[PDB]
Each structure stands twice: as structure tokens, then as C-alpha cells.
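Chemist: Below you will find the structure I want to go over with you.
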Amino acid sequence: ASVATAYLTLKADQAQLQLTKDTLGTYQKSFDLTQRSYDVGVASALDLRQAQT
Amino acid sequence: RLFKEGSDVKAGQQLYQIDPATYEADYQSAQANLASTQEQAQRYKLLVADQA
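So the sequences go chain by chain: S and V.
To convert a position in the first sequence, counted from 1, into the numbering used here, add 3.
To convert a position in the second sequence, counted from 1, into the numbering used here, add 16.
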């Protein structure tokens, strides 16, 4: 039972790590878009800070 | 009056100045609105390429 639960926990956490990598990629794209919007001059610095956080 | 009388004038030549003083004011207001909206349009033109 212990070996089975350890294997299934690893199998779950692999796909969960993949989804968290997807979240990091989405947030990096969003931060790059807000950085472009701040460099152009539409958004303030505060939206850039609140995306970075 | 800025023409000599009894002379020949061409088309488009100015004749009198009628002291604008109101049209200058509303022209300054319209140009002040234009100076905002054209740079907003240019910034949106720059940002629409990256789909921001």
C-alpha cells in the first residue's frame, strides 16, 4: 500500500508540475504584455507592479 | 484693410482681417483636444500589433 501510494503521488505531482509550468508561462506572457504597455505609456507603473507580484 | 483701392487683385488674396479673438480660442481648444487624441491613437496603434 505504501509503495502504491508513493507511485500514484509522484504520478499526480508530475502533471501538477506541468500545469504550474503552464501557469508560469501564462504569467510571463502577461507581464511582458504589461511591460510593453508601460513602455508605450498607456498603463501606469502600478499595474506593472501588481502583475509582477 | 490691407489692399490698395482701385487695383487688380488675384483670387485668394486677403482683403481684411476681422479680429478673430473667439475663433482663435475655439481653435486652441480643438487643437488641445487633438493633441490628446492623436497620441492616444498612436499609442493604441503601437500596442495593437502585439495584441496588448
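Every residue gets a Cβ at the ideal spot worked out from N, C-alpha and C, and that includes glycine.
(1) Determine, using beta carbons only, whether residue 17 of chain V comes closer than 8 Å to chain S.
(2) With DSSP run on the structure shown, which of helix, strand or coil describes residue 38 of chain V?
(3) With a threshold of 7 Å on Cβ separation, who are the neighbours of residue 30 of chain S within its own chain once the five nearest residues in sequence on each side are excluded?
(4) Below 8 Å, how does it come out for the region 27-35 of chain V and the region 39-55 of chain S: are there three or more Cβ pairs, yes or no?
(5) Assuming the contact rule is C-beta atoms closer than 8 Å, residue 66 of chain V and residue 51 of chain S should be a hit. Round their C-beta distance to whole Å, please.
Modeler: Taking the definition as stated:
(1) As a first step, residue 17 of chain V must be located in the second sequence, where it is residue number 1. Not one chain S Cβ lies under 8 Å of residue 17 of chain V.
(2) For the purposes of this step, residue 38 of chain V is identified with residue 22 of the second sequence, where counting begins at 1. Note: residue 38 of chain V maps to coil in three-state DSSP.
(3) Locating residue 30 of chain S in the first sequence gives position 27, counting from the first residue. Nothing listed; no residue qualifies.
(4) Judged by Cβ distances under 8 Å, the region 27-35 of chain V makes no contact with the region 39-55 of chain S, as fewer than three pairs qualify.
(5) What you label residue 66 of chain V is simply residue 50 of the second sequence in a count that begins at 1. What you label residue 51 of chain S is simply residue 48 of the first sequence in a count that begins at 1. About 15 Å; that fails the 8 Å criterion.
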